């Protein structure tokens, strides 16, 4: 009978920006995919179509490019400027969500202005402003890893639907997707990203795995124990199955050498590793 407008947000998504720094002959490249969405009083926009409060998504896009002209130290510093601009520039805009994917480039043979894409991972950043409060979540994704041994899986309950054989030697392969929330915007964003990346990789490789859940816990633990500015880190790790092919029918054996890398289905293990005492449900993990 009675209808109400709940949570809502709008903006320009996937604004592909490439910023070249060339004050000198040694060019630098920053490559981003930016998304900007505003939150505030947009009641009349939805109920009557009154756009008095609707800062056009096209305008939001223009602002991204206009601000890029001044340059930015890091992706997070750039998002901070955008959110500050919109929340403060319009009285009816009380906050928003600004995010970006950062793509890496490597110089071609150390050339001053020629590069190739490093597609092995994608860095992410998300800024959320709610009135007087703001929070930043950084992350990494698309980083595929694999252990050819040093992985086990046994001791699991065996019910009517269980057929999986226990094993003390299997391949452990996953795609590293992690996102961590900072407890302060006063961070050396680039240095921490590199550190976290190394910690996750190290924990994955050096942990003798008794389960993907265990490996993930150790990856998240290393990060929390190492960075005081991080209150928690969330991870979503698929278990990309590599089946040891049965070669007995061909008169052969398969000593953990020949595998069939299956696409789907896959295991999906997810968890939040956090610093004792920190809040368990920050708003930034929603909408």
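Numbering follows the first chain given and starts at 1.
Asker: Could you check the entry and say whether 273-281 or 21-29 has the higher mean CA B-factor?
Answerer: According to the entry, 273-281 carries the higher average C-alpha B-factor.
Asker: Given the B-factors recorded for C-alpha atoms, which segment has the greater mean, 255-263 or 41-49?
Answerer: Going by the record's values, the stretch with the higher mean is 41-49.
Asker: Can you pull the Cα B-factors for 165, 174, 101, 118 from the entry and say which is highest?
Answerer: Within the set 165, 174, 101, 118, 165 shows the top C-alpha B-factor.
Asker: Sort the modelled residues of this chain by their C-alpha B factor and say whether residue 204 lands in the lowest, middle or highest third.
Answerer: Answer is lowest: the recorded C-alpha B-factor places it there.
Asker: Going by the recorded CA B-factors, say which third of the chain residue 188 sits in, lowest, middle or highest.
Answerer: Highest third of the chain for residue 188's C-alpha B-factor.
Asker: Check where residue 77 lands among this chain's C-alpha B-factors and tell me if it's the lowest, middle or highest third.
Answerer: As the PDB entry reports it, the C-alpha B-factor of residue 77 lands in the highest third of its chain.
Asker: If you rank the chain by CA B-factor, which third does residue 195 end up in: lowest, middle or highest?
Answerer: According to the entry, residue 195 has a C-alpha B-factor in the chain's middle third.
Asker: Grab the CA temperature factor for residue 128 from the record and place it in the lowest, middle or highest third of its chain.
Answerer: As the PDB entry reports it, the C-alpha B-factor of residue 128 lands in the middle third of its chain.
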